[PDB]
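Participant: Have a look at this one.
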Amino acid sequence: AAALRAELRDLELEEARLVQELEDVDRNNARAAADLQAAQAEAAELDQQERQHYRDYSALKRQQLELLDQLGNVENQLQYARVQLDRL
Amino acid sequence: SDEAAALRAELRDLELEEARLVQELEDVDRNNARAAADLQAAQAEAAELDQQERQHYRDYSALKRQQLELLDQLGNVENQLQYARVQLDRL
């Protein structure tokens with residue numbers, strides 16, 4: 001009886017100690033999670049910016065290709081007209 | 001001849017049209033080079049932000065492993081409490 005009470009008190013002390021250490025570690029987990037989520041948010045904000053530069057870069061590349069095509073068509077007309085005039 | 005004259009005029013119009021296109025291309029290409037620079041700088045920052053994120057994830061997983069060890073301990077204590085309480089209730 002006495003020994004069982006003694007063991008039980010010892011166990012309940014260890015329970016309360018582990019509970020408390022778990023409260024401290026759960027608080028620490030929380031801060032680390034908040035800091036991870038902050039870093040994730042920063043990466044998402046940067047990503048929005050990155051995508052916008054990518055859309056600019058693509059749009060400008062598309063517009064360069066279109067202008068190059070236009071220039072080639074003009075150049076075909078130019079070479080045709082030069083042939084016509086050289087024959088005269 | 002009038003035919004040669006018409007061709008020479010057409011060629012002048014096309015030469016101006018090419019010059020105008022060439023210039024448009026140069027202005028587009030200078031903004032394109034800047035967009036590339038901006039994009040590259042954003043990509044380099046994203047690679048940095050990723051490395052940082054992983055370091056925070058490492059801190060968090062360390063702390064989770066410390067939690068898991070305490071939970072194992074606690075479950076061990078609860079197992080012992082059930083036994084010891086059963087024994088005591090019988091006396």
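The chains in the structure tokens are called A, B, ... from first to last as shown; in each chain the residues are counted from 1, and the ligands are counted from 1 in the order shown.
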Got a sec to pull out which chain B residues are within 7 Å of chain A, counting only C-alpha atoms, and send them as a VMD selection string?

Facilitator: chain B and resid 4 7 11 14 18 21 25 28 32 35 to 36 38 to 39 42 to 43 46 49 53 56 to 57 59 to 60 63 to 64 67 70 74 77 81 84 88
